[PDB]
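The next block is structure_6.txt, given as compact mmCIF, C-alpha atoms and all ligand atoms.
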# COMPACT_ATOMS: atom_id res chain seq x y z
CA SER A 4 18.05 94.21 -104.79
CA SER A 5 17.29 92.64 -102.31
CA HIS A 6 13.69 92.71 -102.94
CA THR A 7 15.13 89.84 -105.00
CA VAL A 8 18.48 88.56 -103.53
CA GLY A 9 17.46 88.45 -99.81
CA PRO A 10 14.03 86.84 -100.60
CA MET A 11 15.74 84.18 -102.73
CA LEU A 12 18.21 83.44 -99.89
CA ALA A 13 15.37 83.19 -97.38
CA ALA A 14 13.67 80.56 -99.66
CA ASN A 15 16.97 78.62 -99.82
CA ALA A 16 17.30 78.81 -96.05
CA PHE A 17 13.70 77.61 -95.57
CA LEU A 18 14.49 74.58 -97.77
CA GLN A 19 17.59 73.81 -95.66
CA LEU A 20 15.51 74.17 -92.47
CA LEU A 21 13.08 71.53 -93.78
CA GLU A 22 16.05 69.12 -94.22
CA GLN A 23 17.72 70.01 -90.94
CA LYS A 24 14.32 69.27 -89.25
CA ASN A 25 13.50 66.14 -91.33
CA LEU A 26 10.26 67.76 -92.46
CA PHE A 27 10.95 67.78 -96.19
CA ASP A 28 9.46 64.31 -96.87
CA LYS A 29 6.32 65.20 -94.93
CA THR A 30 5.84 68.55 -96.80
CA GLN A 31 2.97 68.57 -99.33
CA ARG A 32 2.26 72.32 -99.39
CA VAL A 33 4.15 75.55 -98.77
CA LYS A 34 2.78 79.04 -98.16
CA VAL A 35 4.69 82.33 -98.30
CA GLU A 36 3.39 85.57 -96.80
CA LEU A 37 5.05 88.93 -97.66
CA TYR A 38 4.83 91.94 -95.38
CA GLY A 39 5.52 95.66 -95.42
CA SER A 40 7.90 96.74 -98.15
CA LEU A 41 8.09 93.25 -99.68
CA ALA A 42 4.29 93.01 -99.93
CA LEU A 43 3.99 96.54 -101.40
CA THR A 44 6.04 95.54 -104.36
CA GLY A 45 3.02 93.55 -105.75
CA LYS A 46 2.55 90.54 -108.12
CA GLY A 47 5.16 90.22 -110.93
CA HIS A 48 7.65 92.84 -109.53
CA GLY A 49 10.57 90.53 -108.64
CA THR A 50 9.99 89.23 -105.11
CA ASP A 51 7.48 86.56 -106.14
CA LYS A 52 9.71 85.21 -108.93
CA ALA A 53 12.78 85.41 -106.65
CA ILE A 54 11.07 83.33 -103.90
CA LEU A 55 9.39 80.74 -106.15
CA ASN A 56 12.74 80.09 -107.92
CA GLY A 57 14.55 79.97 -104.55
CA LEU A 58 12.04 77.33 -103.24
CA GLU A 59 13.22 75.25 -106.20
CA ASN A 60 16.83 75.62 -104.92
CA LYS A 61 18.02 78.40 -107.25
CA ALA A 62 20.60 80.61 -105.55
CA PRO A 63 21.40 84.35 -106.21
CA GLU A 64 25.14 83.63 -107.09
CA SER A 70 14.86 82.29 -116.89
CA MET A 71 13.17 83.29 -113.58
CA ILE A 72 10.05 84.77 -115.14
CA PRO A 73 9.13 81.97 -117.60
CA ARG A 74 9.71 79.50 -114.68
CA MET A 75 7.36 81.45 -112.44
CA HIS A 76 4.86 81.26 -115.31
CA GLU A 77 5.25 77.47 -115.57
CA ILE A 78 4.79 76.98 -111.80
CA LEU A 79 1.56 79.06 -111.92
CA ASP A 80 0.30 77.41 -115.13
CA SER A 81 1.00 73.79 -113.96
CA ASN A 82 0.26 74.43 -110.21
CA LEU A 83 3.36 72.39 -109.47
CA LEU A 84 6.31 73.64 -107.45
CA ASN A 85 9.43 71.58 -107.68
CA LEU A 86 10.37 71.80 -104.00
CA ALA A 87 14.12 71.84 -103.46
CA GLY A 88 14.87 70.13 -106.74
CA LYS A 89 13.47 66.96 -105.92
CA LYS A 90 9.73 66.82 -105.25
CA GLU A 91 6.78 68.34 -107.12
CA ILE A 92 3.96 69.62 -104.88
CA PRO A 93 0.67 71.36 -105.68
CA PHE A 94 1.04 75.11 -105.62
CA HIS A 95 -1.81 77.56 -105.88
CA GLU A 96 -0.86 81.23 -105.85
CA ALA A 97 -4.31 82.29 -104.57
CA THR A 98 -3.79 80.43 -101.24
CA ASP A 99 0.03 79.89 -101.14
CA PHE A 100 1.63 83.23 -102.01
CA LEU A 101 0.16 86.26 -100.17
CA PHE A 102 1.09 89.94 -100.44
CA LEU A 103 -0.07 91.38 -97.12
CA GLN A 104 0.35 95.11 -98.02
CA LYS A 105 -1.56 96.20 -94.89
CA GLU A 106 0.56 94.35 -92.33
CA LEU A 107 4.05 94.65 -90.84
CA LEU A 108 6.12 92.04 -89.06
CA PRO A 109 7.52 93.67 -85.87
CA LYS A 110 11.38 93.77 -86.36
CA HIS A 111 11.43 95.34 -89.79
CA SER A 112 9.43 96.29 -92.93
CA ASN A 113 11.04 93.60 -95.16
CA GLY A 114 9.34 90.65 -93.54
CA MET A 115 8.41 87.24 -94.87
CA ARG A 116 6.88 84.10 -93.36
CA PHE A 117 7.39 80.61 -94.85
CA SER A 118 5.15 77.68 -93.80
CA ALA A 119 5.11 73.96 -94.72
CA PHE A 120 2.06 71.74 -94.31
CA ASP A 121 1.65 67.97 -94.56
CA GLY A 122 -1.05 66.33 -96.75
CA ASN A 123 -3.63 66.49 -93.91
CA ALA A 124 -3.61 70.37 -93.62
CA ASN A 125 -1.42 70.33 -90.52
CA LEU A 126 1.24 73.02 -90.08
CA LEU A 127 4.66 71.33 -89.90
CA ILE A 128 6.81 74.46 -89.38
CA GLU A 129 6.69 78.18 -89.97
CA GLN A 130 9.63 80.57 -90.09
CA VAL A 131 9.94 84.32 -90.31
CA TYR A 132 12.91 85.90 -92.12
CA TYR A 133 13.80 89.51 -92.81
CA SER A 134 15.70 90.74 -95.84
CA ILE A 135 18.03 93.32 -94.39
CA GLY A 136 19.80 94.77 -97.09
CA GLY A 137 20.69 94.88 -99.56
CA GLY A 138 20.90 91.12 -99.58
CA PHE A 139 21.42 89.58 -96.18
CA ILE A 140 18.74 87.68 -94.33
CA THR A 141 18.07 86.89 -90.77
CA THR A 142 15.61 84.76 -88.91
CA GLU A 143 13.32 86.54 -86.53
CA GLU A 144 15.26 84.83 -83.74
CA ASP A 145 18.70 86.01 -84.91
CA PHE A 146 17.52 89.53 -85.71
CA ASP A 147 18.67 91.13 -82.45
CA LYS A 148 22.26 89.72 -82.51
MG MG B 1 -2.50 76.90 -113.05
Can you dump the structure from the file as structure tokens?
Amino acid sequence: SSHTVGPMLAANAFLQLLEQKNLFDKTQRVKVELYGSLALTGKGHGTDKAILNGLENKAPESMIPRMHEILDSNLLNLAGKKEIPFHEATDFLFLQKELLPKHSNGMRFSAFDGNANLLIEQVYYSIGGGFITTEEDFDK
């Protein structure tokens, strides 16, 4: 909308951040948290498929079967590239009762190594329809 386009672009951006930071090779787990209006959409209403496909390097410019295969296999093909365990129950959260502060359409991406250590987290907002911004760039 973007409850699909912006979320997908944020996933693409997160992937590029992992490369820019040389944290991709260390990443063994990712977690996505949805807030406000994105969270209120709920499971299987676009935003989840948009993000999971975007974390596999699909760009807005098939999505629902592929979501199904990621959930069935518990493997996310990160960036192309590298298969990691993925468990929806712990790794993809719809936080319908919370808001990030700049805006309703908030999302947080996190990458962990194999020892449970947080490597990086990044907040993006989908700001409509279809642009994204980091938390840090929001006010500019
Ligand atoms: Mg499964």
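Minimum distance to residue 131 (chain A) across A:18, A:71, A:13, A:103 (counting only C-alpha atoms) occurs at A:13.
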Skip residue 128 (chain A) itself and residues of its chain fewer than 6 positions away, then list as JSON, numbers by chain all residues within 12 Å of it, counting all atoms listed in the file. {"A": [17, 18, 20, 21, 22, 23, 24, 25, 26, 27, 29, 30, 32, 33, 34, 116, 117, 118, 119, 120, 121]}
File dump, residues just selected, C-alpha atoms, as a PDB file, in the coordinates of the input:
ATOM      1  CA  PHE A  17      13.700  77.610 -95.570  1.00  0.00           C
ATOM      2  CA  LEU A  18      14.490  74.580 -97.770  1.00  0.00           C
ATOM      3  CA  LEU A  20      15.510  74.170 -92.470  1.00  0.00           C
ATOM      4  CA  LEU A  21      13.080  71.530 -93.780  1.00  0.00           C
ATOM      5  CA  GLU A  22      16.050  69.120 -94.220  1.00  0.00           C
ATOM      6  CA  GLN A  23      17.720  70.010 -90.940  1.00  0.00           C
ATOM      7  CA  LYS A  24      14.320  69.270 -89.250  1.00  0.00           C
ATOM      8  CA  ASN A  25      13.500  66.140 -91.330  1.00  0.00           C
ATOM      9  CA  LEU A  26      10.260  67.760 -92.460  1.00  0.00           C
ATOM     10  CA  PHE A  27      10.950  67.780 -96.190  1.00  0.00           C
ATOM     11  CA  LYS A  29       6.320  65.200 -94.930  1.00  0.00           C
ATOM     12  CA  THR A  30       5.840  68.550 -96.800  1.00  0.00           C
ATOM     13  CA  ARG A  32       2.260  72.320 -99.390  1.00  0.00           C
ATOM     14  CA  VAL A  33       4.150  75.550 -98.770  1.00  0.00           C
ATOM     15  CA  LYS A  34       2.780  79.040 -98.160  1.00  0.00           C
ATOM     16  CA  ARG A 116       6.880  84.100 -93.360  1.00  0.00           C
ATOM     17  CA  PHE A 117       7.390  80.610 -94.850  1.00  0.00           C
ATOM     18  CA  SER A 118       5.150  77.680 -93.800  1.00  0.00           C
ATOM     19  CA  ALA A 119       5.110  73.960 -94.720  1.00  0.00           C
ATOM     20  CA  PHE A 120       2.060  71.740 -94.310  1.00  0.00           C
ATOM     21  CA  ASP A 121       1.650  67.970 -94.560  1.00  0.00           C
TER      22      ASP A 121
END
If you count all atoms listed in the file, which residues end up within 7 Å of ligand MG 1 (chain B), as a PyMOL selection string? chain A and resi 79-82
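The shortest atom-to-atom distance to residue 147 (chain A), with all atoms listed in the file taken into account, belongs to A:109 out of A:109, A:39, A:63, A:73.
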In terms of all atoms listed in the file, the residue from A:31, A:7, A:19, A:141 at minimal distance from residue 93 (chain A) is A:31
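Nearest residue to residue 142 (chain A), choosing from A:14, A:62, A:74, A:8 and counting all atoms listed in the file: A:14.
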Distance query 12 Å from (9.0, 88.0, -97.8) using all atoms listed in the file, result as number ranges by chain: A: 5-14, 17, 34-45, 49-55, 57, 100-104, 106-108, 111-118, 130-135, 140-142
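Shortest atom-to-atom contact with residue 78 (chain A) among A:110, A:61, A:90, A:95: A:95, counting all atoms listed in the file.
One distance worth recording is that between CA of residue 137 (chain A) and CA of residue 4 (chain A), which is 5.9 Å.
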